[PDB]
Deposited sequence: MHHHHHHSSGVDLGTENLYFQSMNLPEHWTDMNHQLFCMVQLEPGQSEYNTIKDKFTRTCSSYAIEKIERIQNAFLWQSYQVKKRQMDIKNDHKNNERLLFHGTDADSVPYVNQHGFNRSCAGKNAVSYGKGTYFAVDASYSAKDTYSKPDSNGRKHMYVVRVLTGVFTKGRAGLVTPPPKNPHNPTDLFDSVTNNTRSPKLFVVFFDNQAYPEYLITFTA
């Protein structure tokens, strides 16, 4: 059930597709980044076409839409990483088992590209290049996190196994989200850029 805007993959199940500058899709992703990172230079934007990761993510989306009884469970967020982690994320997505983790032992995503653009996250490589993903994240129903969580808290400790979907730094005005399960986040675009 591969999305229409994906380009043909000659019957393969993984491809990184470089976007054409000045076309609709590239302009949309560039604008999301330049909202907070207009001082940075974009070398390229690639679309991640990973059929298996997409399948597993879409199953978790359909389940969360049923569980929560509404369809507003997805946000587009940013994730900076080092060059040596890019092949793993492209093929396998995000892994909590692989910086501060003050809101719990999960994978962190930023609302603002400027946060992910810090050298501690998007570490410049031996050529000065920095790497940041644009990510579809199933944030669903969220609560404030805290140090040492291995899953989100329960919604009511009367039923300890009915969990929040994610945690955040601030519930009224979130700037980051943490997810604790595989296939709750789909890396959709990779931005390669310089300071």
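Gaps between the deposited sequence and the modelled coordinates occur at 1-23, 122-124, listed in sequence order.
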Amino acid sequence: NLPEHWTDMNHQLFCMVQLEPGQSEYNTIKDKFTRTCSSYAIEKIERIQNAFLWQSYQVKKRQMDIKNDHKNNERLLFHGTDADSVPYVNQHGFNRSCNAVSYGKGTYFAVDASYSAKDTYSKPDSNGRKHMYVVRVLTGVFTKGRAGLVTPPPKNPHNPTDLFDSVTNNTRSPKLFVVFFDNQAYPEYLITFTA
From here on, numbers count along this sequence of modelled residues.
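For clarity, a rigid core is taken as the largest C-alpha set superposing within 1.5 Å between two forms.
RMS Cα deviation from the shown model in 8 other deposited structures of this protein, rigid core fit, is larger for 64-72 than for the other stretch of the pair 162-170 / 64-72. Rigid core superposition in 8 other deposited structures of this protein puts the Cα atoms of one stretch, out of 101-109 and 77-85, farther from the shown form on average, and that stretch is 101-109.
Here the stretch with the larger average CA B-factor, out of 153-161 and 129-137, is 153-161. Mean C-alpha B-factor is higher over 9-17 than over the other stretch, the pair under comparison being 9-17 and 167-175. Per the PDB record, 101 has a higher Cα B-factor than any other of 117, 77, 101, 86. Across 67, 47, 61, 144, the greatest Cα temperature factor reported in the deposited entry is at 67. Sort the modelled residues of the chain by CA B factor and residue 97 lands in the middle third. Ranked against the other modelled residues of its chain, the C-alpha B-factor of residue 42 as given in the entry falls in the highest third. When all modelled residues of the chain are sorted by CA temperature factor, residue 72 is found within the highest third.
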